[PDB]
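Student: One structure, as structure tokens, below. Some questions next.
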Protein chains: 2
Amino acid sequence: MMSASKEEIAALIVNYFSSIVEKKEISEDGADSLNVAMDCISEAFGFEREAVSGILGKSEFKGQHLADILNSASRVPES
Amino acid sequence: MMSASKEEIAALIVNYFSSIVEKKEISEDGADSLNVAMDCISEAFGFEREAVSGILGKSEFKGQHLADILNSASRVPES
């Protein structure tokens, strides 16, 4: 139902990055990259990292993940 | 139809950030944050920025944007 506000989008984005390093799927180098990137994401959108837990609590992306959301998408503009 | 692979997700993420600075909606500070963040995103997922144009050309997120994709999501796990 949400129109995907800035904080809401960033929330899913940083949450996904958190999930990547959570399951330690990414390489050490990339993990550090996601860290400094996350500081920048937080600085850019004007929110704190742990605030994602609150943002994704208010917004109804709950029970889902960014990639699961993208998985449900399907657009083939065959021009 | 895509299960949202790493590069595909990062593609939409960096594309959205590009759109933000494209329409100069974000503040100068945040714009710079998105720049260094994007270098980190690219380094993390192992792809180049301009490669997003190719990734979003192969994947069928075409004609859409990240936030438009998130807008079509709706999950209320009212427990």
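All Cβ positions, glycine included, derive from the backbone under ideal geometry; neighbour counts span all protein chains shown. Bear in mind that the values in this text are calculations on the coordinates, not laboratory data.
Student: Which one is farthest from the other protein chains (Cβ to nearest Cβ), of the residues in the stretch B:6-31 that are hydrophobic (A, V, I, L, M, F, W, C) and more than 24 Å from A:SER74 (Cα to Cα)? Please lay out each step first, then the result.
Tutor: Initially, the stretch B:6-31 is screened for residues hydrophobic (A, V, I, L, M, F, W, C), giving B:9-14, B:17, B:20-21, B:26, B:31.
Now narrow it down to the ones that are more than 24 Å from A:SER74 (Cα to Cα): B:21, B:26, B:31.
Numbers: B:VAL21: 10, B:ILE26: 6, B:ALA31: 8 Å.
Ranking the candidates gives B:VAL21 first.
Student: Look at A:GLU28 and say whether it is free of Cβ contacts under 8 Å to residues at least 12 places away in the same chain, more than 22 Å from B:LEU56 (Cα to Cα) and surrounded by fewer than 20 Cβ atoms within 10 Å (Cβ to Cβ).
Tutor: Details: free of Cβ contacts under 8 Å to residues at least 12 places away in the same chain: yes; more than 22 Å from B:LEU56 (Cα to Cα): yes; surrounded by fewer than 20 Cβ atoms within 10 Å (Cβ to Cβ): yes.
For A:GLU28, the condition - free of Cβ contacts under 8 Å to residues at least 12 places away in the same chain, more than 22 Å from B:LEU56 (Cα to Cα) and surrounded by fewer than 20 Cβ atoms within 10 Å (Cβ to Cβ) - is met.
Student: Continuing with this model, one more query. Please work out which one of (1) closer than 21 Å to B:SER42 by Cα; (2) in contact with a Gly (Cβ under 8 Å, 6 or more places away or on another chain) is the condition A:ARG75 fails and give its number.
Tutor: Of (1) closer than 21 Å to B:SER42 by Cα; (2) in contact with a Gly (Cβ under 8 Å, 6 or more places away or on another chain), only one is false for A:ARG75: (1).
Student: Here are B:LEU70, B:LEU56, B:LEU34, B:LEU66: which of them is crowded, with 19+ Cβ neighbours inside 10 Å and more than 9 Å from chain A (Cβ to nearest Cβ)?
Tutor: Numbers: B:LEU70 fails: more than 9 Å from chain A (Cβ to nearest Cβ); B:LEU34 fails: more than 9 Å from chain A (Cβ to nearest Cβ); B:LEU66 fails: more than 9 Å from chain A (Cβ to nearest Cβ).
It is B:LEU56.
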